[PDB]
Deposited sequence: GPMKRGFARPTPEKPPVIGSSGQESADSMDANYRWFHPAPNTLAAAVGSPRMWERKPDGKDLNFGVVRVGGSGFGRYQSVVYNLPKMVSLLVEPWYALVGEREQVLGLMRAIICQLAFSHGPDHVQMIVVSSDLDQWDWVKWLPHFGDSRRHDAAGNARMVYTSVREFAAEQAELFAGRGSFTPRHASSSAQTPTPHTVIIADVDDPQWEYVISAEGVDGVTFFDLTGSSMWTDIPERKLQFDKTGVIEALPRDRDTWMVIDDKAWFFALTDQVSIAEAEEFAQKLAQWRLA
């Protein structure tokens, strides 16, 4: 019963700090049996005047079915959703299964990720696409095009593209990069031209997207419909989760 036990797999992201160190942390497995591997909660099903009468179920995206997602909206709500996605993944998946990278011309917003092992380089926070491409050359060398979803190859890489830079094209083509999912925050045309990858916000925090099948993640309509009332994690909530995970790692 996935809807009955949804709080064990996809809870509200501000509950994750208190749950750090529980047996649900880093429990996801790329074994072909865990259908939540590579899945991340983005929000809830209730919205507007219907919030009080709709049984709220989590809404999610799979990292394995698209080479990227493009978050289109106002700066703060786009950052809030990205922080919720990062916190969800850092809690549910171990850094041996999911690694993370941020490429941003706004470093002040990403200082909190210094506590997460997922961003540790064997810190994967870069200020330009050129610096990122030099540091991550070994990641991209020999990698083919993205193949949408047996055992999943690991680590999967989640990259936050937060810099409007024409050099993005020379790193991520239309075919995508195998084992990587980008999340664009800029709203530039190269990311937003594919409709099945767009998450369009409205001022209330509701996102619309092409609906997908609940079991296969396959797109089921070519027009955008309600997708989720997004989860929003503030800098303080994200830093609280990140520091709590860091203290668990030191203990």
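J.: Counting from 1 along the deposited sequence, give me every gap where there's no C-alpha, start to finish.
T.: Residues lacking C-alpha coordinates: 1-27, 150-158, 186-190.
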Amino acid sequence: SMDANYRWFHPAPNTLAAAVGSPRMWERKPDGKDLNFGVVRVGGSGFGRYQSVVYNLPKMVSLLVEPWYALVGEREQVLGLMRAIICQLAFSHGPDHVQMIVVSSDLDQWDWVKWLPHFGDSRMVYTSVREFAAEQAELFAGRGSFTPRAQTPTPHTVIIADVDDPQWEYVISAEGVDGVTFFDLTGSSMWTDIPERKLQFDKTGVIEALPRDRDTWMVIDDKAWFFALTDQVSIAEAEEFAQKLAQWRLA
From here on, numbers count along this sequence of modelled residues.
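J.: Would 72-80 or 134-142 have the larger average of its C-alpha temperature factors, as given in the entry?
T.: Averaged over C-alpha atoms, the B-factors run higher in 134-142.
J.: Name the higher of the two by mean Cα B-factor in the PDB entry, 38-46 versus 217-225.
T.: Stretch with the greater average CA B-factor: 217-225.
J.: Between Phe119, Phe91, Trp168, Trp112, which one tops the list for C-alpha B-factor in the PDB entry?
T.: Of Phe119, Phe91, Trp168, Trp112, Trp168 has the highest C-alpha B-factor.
J.: Out of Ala209, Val53, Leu185, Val61, which shows the largest CA B-factor listed in the entry?
T.: Comparing C-alpha B-factors across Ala209, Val53, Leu185, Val61, the top value belongs to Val53.
J.: Pull the Cα B-factor of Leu199 out of the PDB entry and bin it into the chain's lowest, middle or highest third.
T.: For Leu199, whose C-alpha B-factor we compare with every modelled residue in the chain, the answer is the lowest third.
J.: By its CA B factor, does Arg123 count among the lowest, middle or highest third of the modelled residues in the chain?
T.: Answer is highest: the recorded C-alpha B-factor places it there.
J.: Going by the recorded CA B-factors, say which third of the chain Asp106 sits in, lowest, middle or highest.
T.: As the PDB entry reports it, the C-alpha B-factor of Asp106 lands in the highest third of its chain.
J.: Ranking the modelled residues of this chain by C-alpha B-factor as given in the entry, is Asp162 in the lowest, middle or highest third?
T.: Ranked within chain, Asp162 CA B lands in the middle tercile.
J.: Going by the recorded CA B-factors, say which third of the chain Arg149 sits in, lowest, middle or highest.
T.: Highest third of the chain for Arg149's C-alpha B-factor.
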